[PDB]
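Novice: Protein chains in written order, with the authors' numbering: chain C5, 732 to 748; chain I5, 1 to 173, 181 to 212, 222 to 311, 318 to 536, 548 to 568, 590 to 676; chain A5, 992 to 1150.
C-beta: ideal position from N, C-alpha, C; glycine also.
Dropping a structure here in structure tokens format, bear with me for questions.
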Amino acid sequence: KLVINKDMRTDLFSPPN
Amino acid sequence: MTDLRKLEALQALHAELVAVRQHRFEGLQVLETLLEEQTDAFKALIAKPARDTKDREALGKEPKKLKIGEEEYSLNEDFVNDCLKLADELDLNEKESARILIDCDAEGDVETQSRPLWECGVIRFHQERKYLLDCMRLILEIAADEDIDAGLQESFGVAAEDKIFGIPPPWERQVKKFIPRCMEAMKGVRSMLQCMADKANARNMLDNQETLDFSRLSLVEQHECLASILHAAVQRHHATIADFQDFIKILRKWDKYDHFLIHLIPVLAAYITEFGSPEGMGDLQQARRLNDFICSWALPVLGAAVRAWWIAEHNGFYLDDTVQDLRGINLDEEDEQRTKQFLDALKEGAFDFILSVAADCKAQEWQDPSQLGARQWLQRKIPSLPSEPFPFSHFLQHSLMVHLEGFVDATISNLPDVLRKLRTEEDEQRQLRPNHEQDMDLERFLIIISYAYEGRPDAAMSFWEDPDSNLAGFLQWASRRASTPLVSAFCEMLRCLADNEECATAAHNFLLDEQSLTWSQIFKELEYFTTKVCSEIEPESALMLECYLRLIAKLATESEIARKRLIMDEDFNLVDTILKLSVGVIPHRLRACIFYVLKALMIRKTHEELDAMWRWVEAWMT
Amino acid sequence: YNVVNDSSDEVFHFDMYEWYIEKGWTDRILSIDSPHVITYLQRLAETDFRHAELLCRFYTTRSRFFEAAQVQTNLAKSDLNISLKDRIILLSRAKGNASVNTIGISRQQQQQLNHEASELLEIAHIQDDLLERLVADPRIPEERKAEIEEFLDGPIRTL
């Protein structure tokens, strides 16, 4: 079961908080 | 069921292997599922964890609750006593021993056999090794079956390489080889059997007699299965020189003659075939060292037989000078050396030991009274078996007969001059001292040939297909003028080489003229003996007459042309001669042989033959 | 050690199973015939990896391969603190153990478990290849890598 969702992710190249 | 224990798993697996072997492929999908669940079992043939003190002191300290794997059990003062007893008799770990006893309580076999609980653990333990090892023989046996699908034949082959021999398949890939584990495995069976007799004899010197007998039977069966597995593994060229040297040393250190030696015989045979004969590790240089290494022994007949077999198998290199290199090496010296070595081996009693082993192998509880006293008139000096109930299998007999026929073919196609000189020596010895009985080397060899070719028409036909080959050459050369023993041995060989009708007809056509033996001389001697008895007789004459009668009966029962010819032949008149001989003063053996010959001749008859037989009977009884 | 094995104190023998495990004496614990130790493990198997591994050893040596594949698979799908690589070993073992016959269990039940372990092992290897590559990537900031290691070095994620 795979579902691509380019819309809302988490910037892999920016730190958190 | 589906949740079967170790014992029930091996017992069910064994039934599946028999189906595929008996042409029943209704359990293919179910068979593969079992090999994956018992992968850890096939890896280690037989291994009992050593008795540890941690479990001994802990088991008896708190014999209240026991935890094995995922399940839990409660121990009581009665069950705990059986664990220590089983562990002591077999020297097995307390944890492993307890699991065996727990399996009996669940299955509830105590009532099926009505025996103590601690004794059932011994049987259950032996059953595991039986099926665990016996099932392996079926895998290799089915993997070599030519009467099945090629695809299925290859499935069990690659599986055995990884499950049994621990060799991964070609599509993938600190560990110990299979042979060193098998050698150590069989060693444990011997040490366990030896300590069993020592302890058992001490207390014996009860209700467990049958259990001890069954355990001994299981142990000998497991040893035979391990020997067969080792032979099969060696047949795939997966050995070396170290294993061969170790086996030779173990043989040299052999103490007593028993079934284990007969089981190991084929192992050494296959070893010499792979190394000695030019059908394997064809390193001519390596063979030279092994020759000097083989050529301490606590039993000279064993060494004599080993040297004879090695010479017979290794004399095939020195036939031509084109398939190999034989430069800078002398031939006459090596030939004379091999000849003297073979003569010494014969004098030591190699063929005698081979014949004794062949006889003890096919020891049958009951025998047909039509062949009493046949092949039992020699001088056997080798001690016999203790007569213990250790029956042999069928695959072992088949392999033994195959190896014997191969050795016969090799000795006939490699050492003809040896046999010629031996026959001439025996002849001149019997001539210069008739009062003494010369050696029975040639007679014993012919009897061994007969034993090898028995119930195997596919191989017996080779003596009739090509009349110009070495086999037919020796067959026709061994029919010239000779003494009574050689003629009797040749007649017995002919009789045993008539398992079917085609071979019987071939022997009939080859015996009569188309010098070698002919029916004319046979009937002339019969009439001479008849007139002599009717106007004393020596054992040799009686033996010759019995052999002739047995051969005639066999030919009449197997062939039809001979039965229709001799029955109404005007020049032979065998019926009159046999009747005049039976009405004379002779032992009952000749009368019985004549009656059996008459029965064979009258197995298929008509109205005219019945009338003639009744007329003759009335004329000779009135 | 006689005095030890001659005891009937049950809390004691539990405390000794735990102690053998602690010292690493797989030598002496695997060599106990008793089911009492198996039953003791069956209650805490799904509580700790080290205990589950012992339980699976007892099953396999008794040719109960399917039951071990069941313990290993559930342990790999669980929320216990188990590393991804340890979950790759558990699935890989379960895949092997379910591919061989276990007596008393239908071929269908074996295959369905061998198939679930094969799929989860395929996903786990992908996740391991990712985690390794991301941690080693020069173009990834350190701040993010620690965050990646937290969410990928644990239970297996969806594709």
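(1) Helix, strand or coil: which one does DSSP assign to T741 (chain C5)?
(2) Could you compute how far the alpha carbon of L101 (chain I5) sits from the alpha carbon of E427 (chain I5)?
(3) At the level of alpha carbons, what is the spacing between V430 (chain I5) and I471 (chain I5)?
(4) Please report the straight-line C-alpha distance between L597 (chain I5) and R115 (chain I5), rounded to a whole angstrom.
(5) What are the residues that DSSP puts in a beta bridge with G1095 (chain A5)?
(6) Evaluate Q548 (chain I5) with the Cβ neighbour count: other Cβ atoms within 10 Å of its Cβ, from every protein chain shown; 16 or more gives buried, anything less gives exposed.
(7) Whose C-beta lies closer than 8 Å to the C-beta of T506 (chain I5) among residues of the same chain, with five residues either side of it excluded?
(8) Can you list, in chain order, the residues of its chain whose CB lies under 6 Å from that of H247 (chain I5), leaving out five sequence neighbours each side?
(9) Answer with buried or exposed for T1093 (chain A5), where buried requires no fewer than 16 other C-beta atoms within 10 angstroms of its C-beta.
(10) What's the call for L66 (chain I5), buried or exposed, on a 16-neighbour Cβ count within 10 Å?
(11) Determine the extent of the alpha helix (DSSP H) in which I1139 (chain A5) is found, giving its start and end residues.
(12) Quick one: does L1150 (chain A5) have its CB under 7 Å from some CB of chain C5?
(13) Label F1049 (chain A5) either buried or exposed according to how many other C-beta atoms from any shown protein chain fall within 10 Å of its C-beta, with 16 as the threshold for buried.
(14) Check whether the Cβ of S114 (chain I5) lies closer than 7 Å to any Cβ atom in chain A5.
(15) Against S1069 (chain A5), what residues of chain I5 qualify as contacts under a CB-to-CB distance less than 9 Å, listed in chain order?
(16) Using a C-beta to C-beta distance shorter than 9 Å, which residues of chain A5 count as neighbours of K732 (chain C5)?
(17) Is the closest heavy atom of the ligand NAP to the C-beta of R115 (chain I5) under 6 Å?
(18) Would you verify that the beta carbon of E1134 (chain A5) is, or is not, closer than 7 Å to some beta carbon of chain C5?
(19) Name, in chain order, the residues that DSSP records as bridge partners for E72 (chain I5).
(20) Would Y992 (chain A5) and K54 (chain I5) be called neighbours here (beta carbons separated by less than 7 Å)?
(21) Given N81 (chain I5), which residues of its chain have a CB within under 8 Å of its CB, disregarding the five upstream and five downstream residues?
(22) Closer than 7 Å, CB to CB, is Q225 (chain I5) near chain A5 or not?
(23) Can you find a CB in chain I5 that lies within less than 7 Å of the CB of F1040 (chain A5)?
(24) Does the separation of the CB atoms of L1104 (chain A5) and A1043 (chain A5) fall below 7 Å?
(25) Looking at the structure shown, is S998 (chain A5) part of a helix, part of a strand, or coil, going by DSSP?
(26) Would you mind giving the Cβ-Cβ distance between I1147 (chain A5) and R1078 (chain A5), rounded to the nearest angstrom? I have them listed as a contact below 8 Å.
(27) Run through DSSP, which three-state label would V651 (chain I5) get?
(28) Would the beta-carbon of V1091 (chain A5) fall within 7 Å of that of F1056 (chain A5)?
(29) Applying a beta-carbon distance threshold of less than 9 Å, which residues of chain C5 neighbour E1110 (chain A5)?
(30) Can you find a CB in chain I5 that lies within less than 7 Å of the CB of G1095 (chain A5)?
(31) What residues in its chain sit with their C-beta under 7 Å from that of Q251 (chain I5), if we drop five residues either side in the sequence?
(32) Is there a Cβ of chain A5 sitting closer than 7 Å to that of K653 (chain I5), yes or no?
(33) Residues in the stretch 54 to 70 of chain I5 with C-beta within 9 Å of chain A5's C-beta atoms, listed in sequence order?
(34) One question on the structure: do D40 (chain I5) and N93 (chain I5) come within less than 7 Å of each other, judged by their Cβ atoms?
(35) Would you call the stretch 287 to 296 of chain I5 and the stretch 255 to 262 of chain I5 in contact, with 3 or more CB pairs under 8 Å?
(36) Run through chain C5 and tell me which residues come within less than 7 Å of residue 947 (chain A5), C-beta to C-beta.
Specialist: According to the data block:
(1) coil
(2) 49 Å
(3) 7 Å
(4) 55 Å
(5) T2 (chain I5)
(6) exposed
(7) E594, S595, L597 and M598
(8) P282, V283 and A286
(9) buried
(10) buried
(11) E1133 to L1143
(12) yes
(13) buried
(14) no
(15) Neighbours of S1069 (chain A5) on chain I5: none; closest Cβ ~17 Å, over 9 Å.
(16) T1149 and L1150
(17) As for the ligand NAP, it is missing from this structure, which has no ligand bound.
(18) yes
(19) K67 (chain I5)
(20) yes
(21) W118
(22) no
(23) no
(24) no
(25) strand
(26) 6 Å
(27) helix
(28) yes
(29) Within chain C5, no residue comes near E1110 (chain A5); the closest Cβ sits about 11 Å away, beyond 9 Å.
(30) yes
(31) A286
(32) no
(33) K54, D55, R56, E57, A58, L59, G60, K61, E62, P63, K64, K65, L66, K67, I68, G69 and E70
(34) no
(35) yes
(36) Residue 947 (chain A5) is absent from the structure shown; chain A5 starts at 992 and stops at 1150.
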